[PDB]
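Report on the following structure.
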Amino acid sequence: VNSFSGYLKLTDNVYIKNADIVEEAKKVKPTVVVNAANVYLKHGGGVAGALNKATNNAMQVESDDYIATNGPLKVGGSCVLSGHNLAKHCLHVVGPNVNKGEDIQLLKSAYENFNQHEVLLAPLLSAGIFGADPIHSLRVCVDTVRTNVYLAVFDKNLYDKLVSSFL
Ligand SMILES: O[C@H]1CC[C@@H]2CCN(c3ncnc4[nH]ccc34)[C@@H]21
Numbered sequence: 003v004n005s006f007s008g009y010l011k012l013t014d015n016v017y018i019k020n021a022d023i024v025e026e027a028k029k030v031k032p033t034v035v036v037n038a039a040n041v042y043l044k045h046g047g048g049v050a051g052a053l054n055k056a057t058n059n060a061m062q063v064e065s066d067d068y069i070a071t072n073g074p075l076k077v078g079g080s081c082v083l084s085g086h087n088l089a090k091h092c093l094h095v096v097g098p099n100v101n102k103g104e105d106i107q108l109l110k111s112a113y114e115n116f117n118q119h120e121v122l123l124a125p126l127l128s129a130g131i132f133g134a135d136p137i138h139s140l141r142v143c144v145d146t147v148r149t150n151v152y153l154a155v156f157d158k159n160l161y162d163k164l165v166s167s168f169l
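Converting from the sequence shown to the authors' numbering requires adding 2 to each position, the first position being numbered 1.
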């Protein structure tokens with residue numbers, strides 16, 4: 003039993019809700035919140051810009067030190083950093099950005115990172131400003147993640163479409 007509330011159950015392990023991931027994290031304080039990161043951990047917009055803003059830019063400061071030490075992530079890769087005031091940890095995961103010409107096949111590799119964590123609060127990878135089809139992203143999530151994932155979909159209209167089209 004966990005403290006996530008109001009989610010629709012899609013499968014044995016995947017749950018979904020129309021919610022702002024920032025406000026959800028602040029309420030639940032999950033062990034792991036997933037960020038929709040880029041390889042440079044430059045948290046400018048989308049989920050990443052919103053999460054970083056909620057940390058008063060502490061996420062960005064920590065991320066800049068991470069990159070200075072380690073260099074960029076791989077597309078499909080991830081790193082674990084602090085969750086600041088939002089969660090214990092933030093799993094920064096890089097899904098392919100279609101608006102950069104990146105291979106959508108890397109989306110499965112991106113979701114595989116979730117399997118290293120028993121429970122996560124997460125967005126749909128590569129959706130939104132990353133340019134991929136959110137219906138497809140949800141399918142890859144369900145077919146790849148085996149740990150318990152609580153998905154927050156910001157757009158209410160999209161949430162209804164994701165639910166109504168889910169197979
Ligand atoms: O699930 C994500 C997949 C792509 C969509 C674009 C934004 N995004 C968000 N989801 C949840 N909370 C959010 N806060 C701020 C943004 C945001 C969606």
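For each residue, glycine too, the CB sits at the ideal point set by N, CA and C.
Measure the alpha-carbon distance for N58 versus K44 and round it to whole angstroms. 14 Å
Consult DSSP for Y42 and reduce its assignment to one of helix, strand or coil. coil
Using only the alpha-carbon positions, how far apart do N54 and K31 sit? Taking the straight line from one Cα to the other gives about 15 Å.
Given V121 as reference, the closest of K102, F168 and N150 once Cα atoms are compared: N150
Just to confirm before moving on: does the CB-CB distance between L109 and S65 stay below 8 Å? Their beta carbons are not under 8 Å apart, which means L109 does not touch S65 by this criterion.
Could you give the DSSP three-state label for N99: helix, strand or coil? coil
My assumption, with CB atoms under 8 Å, is that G79 sits in contact with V100. Please give the rounded CB distance. The pair is not a contact, with the Cβ atoms about 18 Å apart (cut-off 8 Å).
Could you check which residue in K76, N20, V34 and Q118 has the C-alpha nearest to that of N159? Just measuring C-alpha positions, the residue of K76, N20, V34 and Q118 sitting nearest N159 is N20.
Tell me whether the beta-carbon of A112 lies closer than 8 Å to the beta-carbon of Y152. No, the pair does not count as a contact, with Cβ atoms beyond the cut-off.
Determine the extent of the beta strand (DSSP E) in which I18 is found, giving its start and end residues. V16 to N20
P136 Cβ short of 7 Å to ligand 1 heavy atom set: Yes; taking the cut-off as 7 Å, the Cβ of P136 has a heavy atom of ligand 1 nearer than that.
Opposing strand residues paired with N150 [DSSP bridges]: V121
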